[PDB]
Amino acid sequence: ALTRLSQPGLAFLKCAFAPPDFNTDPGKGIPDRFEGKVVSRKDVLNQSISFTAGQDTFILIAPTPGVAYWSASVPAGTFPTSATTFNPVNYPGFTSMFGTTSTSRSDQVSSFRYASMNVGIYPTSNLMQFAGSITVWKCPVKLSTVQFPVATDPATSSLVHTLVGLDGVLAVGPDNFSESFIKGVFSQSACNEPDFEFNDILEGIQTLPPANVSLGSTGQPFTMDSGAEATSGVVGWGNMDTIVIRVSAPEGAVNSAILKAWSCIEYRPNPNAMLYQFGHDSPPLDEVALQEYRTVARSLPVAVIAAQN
């Protein structure tokens, strides 16, 4: 029955929903009509992470190229507030792809499309010390814009990037996975569009809201700060819903784990980049794979415990 899928169509499905179940080469690209030259970046992160007791740590797996996730901790029982700032944890090689200044992001690649985005949390604490839970839900966060006037001379109108839908992080979504911390979790996101469109690499974005822009004039409930341009940045926003994970560690809890993140991304390489050497045509259309992708995604649970990744 799985023979009705093309070789790539099948590989595609694997990178998409179960990258941890395979030893290597999960996918060769997206089996959609597009067959232009691309480079399949297999992003994988292995981050050891300890959650501070009395704090509810929030992790966001966003479709931001090169950056595995963003996080911030808040007092137990609370959510991110205007006072919160999320900080990123990069995938190995961020600068090897996006440079060291906020304006050299499109040097290697010019655009991209996410094929998969998965995350797993594997508890490493003992059974007598942990406590708390892991809660997961997904938010339709998009990168839009905000229009406002500034009293400069002459008076002018500003237009800047702004993240819409972040408000979804301020409450546990009705569709969610919630279970004991010790059981860990595995979850994946899916394309939030009727198809896989390419998005452009974005230059100069180091923070949202931007420098010289006040939160609140943006509408965002909190801040995204990538930090030093020489180490990280927001080079784009893919069409995938954001995975929100809330690990709540009670006072006295000793919760630690190993976090793993996977991202299959098709990048359009520039001829002057060495990355181009590894390009190839995106796989041909595989109507069956594209249809099963949608079915499988809709059929799976929000998340599953670690042991079932």
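Note that residue numbering begins at 1 and tracks the sequence as displayed.
Enquirer: Averaging CA B factors per stretch from the PDB record, which one is higher: 63-71 or 23-31?
Expert: According to the entry, 23-31 carries the higher average C-alpha B-factor.
Enquirer: Mean C-alpha B factor from the entry: is it higher for 288-296 or for 14-22?
Expert: Comparing 288-296 with 14-22, the higher average CA B-factor belongs to 14-22.
Enquirer: Among the chain's modelled residues, which third holds the C-alpha B-factor of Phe177?
Expert: As the PDB entry reports it, the C-alpha B-factor of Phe177 lands in the middle third of its chain.
Enquirer: Can you work out whether the C-alpha temperature factor of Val234 puts it in the lowest, middle or highest third of the chain?
Expert: It belongs to the lowest third of the chain when residues are ordered by C-alpha B-factor.
Enquirer: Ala1's Cα B-factor: lowest, middle or highest third of the chain?
Expert: Within its chain, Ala1 is a highest-third residue by C-alpha B-factor, going by the deposited values.
Enquirer: What third of its chain, lowest, middle or highest, does the C-alpha temperature factor of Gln108 fall into?
Expert: Ranked within chain, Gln108 CA B lands in the highest tercile.
Enquirer: Among the chain's modelled residues, which third holds the C-alpha B-factor of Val44?
Expert: Answer is middle: the recorded C-alpha B-factor places it there.
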